[PDB]
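Encoded as structure tokens, the following chain is the form deposited in one PDB entry, with no partner shown.
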């Protein structure tokens, strides 16, 4: 049925982010950090144009064979080249599983109201993956061994792939009934660009904040190392709550208004992080940041599907490749550019710049109220 497709997409995204987050504490123990995101950004539009040619089931199932190969390559690798190869393979997989899975969800839940909350649930998949990533990784790392986390995650990826092969049955290539509108015509749409830009700036704010916040906490607050890991918890829990609630709330409120308010709340929250003196001062603003990132993503993915349905041809592979490029731009240029700006003009000014950009971008979501057909 359809809820099994929703579960498959949720599980793919959850395992993808659990891997992405169990890898990050092991790596130091620069290019490797941005490698997955940039390779996924490169191979997003290709998958977008491919799902319209072979269908959704096959490029979503290749996303389990690529993520499984990446996972096992992480567990039995020592060299730096092999870790880079493993992270690039994870990037290609994730591209396959995010783009093809969101396309499948939008193709199956073909109703504007239902698509909202199923996108919300699939997105909360990423929050549940990031949130349960580090603890699982650590406990399985030290209580069993250093190859343990990745081999157990590989077993989980295999079980998810078994569910995939039993639900989707990717045996045969099935092209779409109608040829989807080209990628350039989509990219010339002022509304698809506004949606992608709102997702891009929200996630770039959060992706520049995550790595820059610990480097500032150890300098201003003299925080211990456990504090650095705990100070970012409100973001993930709040993103989980925000996505799961606003998938259902945004269509009653209006997706344009939910996106506008999410942008303004991300802006204000990020403008209000540098004013915190102690760790208890980074609970409320980080909560606002994560809550509003969810408020924006759970409102702007269904709108992507809707904007394609209303104006262009009903093929969702490319437009969700565009949405996933907007996602990945932030996580690719986040660490590097954020560290560069913080190393040059400081962390408070970086946060003020990001907040100003988000607040000034917010009024552009007004143009999503009633776009013409």
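Numbering follows the first chain given and starts at 1. Rigid core here is just the name for the largest C-alpha set that superposes within 1.5 Å across the two forms.
The following text describes the form deposited in another entry, which does not appear among the structures shown.
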Seminar exercise, completed: In 230, 132, 193, 249, the 2 Å or greater C-alpha shift between this form and the one not shown, rigid core superposed, occurs only at 230
Exercise. With the core lined up, does the C-alpha of residue 57 move 2 Å or more between this form and the one not shown?
Worked result: no
Exercise. Using the core for the fit, does the CA position of residue 314 change by 2 Å or more between this form and the one not shown?
Worked result: no
Exercise. Aligning on the rigid core, do we see the C-alpha of residue 285 shift 2 angstroms or more between this form and the one not shown?
Worked result: yes
For this session: Note whether the distance between the C-alpha atoms of residue 22 and residue 217 decreases (closer) or increases (farther) in the other form, against the displayed form; the change is 3 Å or more.
Result: closer
For this session: Might you say whether the CA atoms of residue 219 and residue 22 end up closer or farther apart in the other form than in this form? Their distance differs by 3 Å or more.
Result: closer
